[PDB]
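Cβ atoms come from the backbone with ideal geometry, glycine included; neighbour counts cover every protein chain shown. Nothing in this text is a laboratory measurement; each read-out follows from the coordinates by a stated rule.
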Amino acid sequence: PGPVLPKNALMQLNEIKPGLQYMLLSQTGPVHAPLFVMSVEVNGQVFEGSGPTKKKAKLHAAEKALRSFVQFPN
RNA sequence: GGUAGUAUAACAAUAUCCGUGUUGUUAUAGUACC
């Protein structure tokens, strides 16, 4: 691997989750290394992911919440 | 003076459950590095 394929994580979440909420935590830093932690809320379970910039944060959250809440989609 | 990052905004392409995302190009600004 190298160029990865996070598009998979995004779409996969969308599939399992036709409607949910994304919310941001942290997001502060020196000036050029901002830490963003975006957490996704599904069915009352909230999973948090930390990325530099907005990209990876929500992404990683999607991955987590996927493996997680698929055990309780209702 | 030059180099760089982050953020906001616009356009296009790509994928798409049309909701959204990824990618590419451009513009503006504090700061950081030399």
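Points to keep in mind about this one:
- With contributions of -39500 (n - 2.57) from each DSSP H run of at least four residues, the per-residue ellipticity at 222 nm computed over chain A stands at -11500 deg cm²/dmol.
- Highest mean first, the peptides A:41-49, A:17-25 sorted by other C-beta atoms within 10 Å per residue fall in the order A:41-49, A:17-25.
- For chain A, the longest principal axis of the alpha carbon atoms and the long axis of helix A:7-16 meet at an angle near 40°.
- Straight Cα distances below 16 angstrom link A:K54 to the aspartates and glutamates A:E63, with same-chain residues fewer than 8 positions distant left out.
- Estimated dipole of chain A in Debye, rounded to 20 [Cβ of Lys and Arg +1, of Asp and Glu -1, Cα centre]: 180
- Under the criterion of Cα pairs below 8 Å and six or more residues apart, the relative contact order for chain A equals 26 percent.
- Helix A:53-69 vs. chain A, principal-axis angle (Cα, 0 to 90°, nearest 10): 30
- In the distance distribution for chain A, Cα-Cα pairs more than 15 Å apart total 53 percent.
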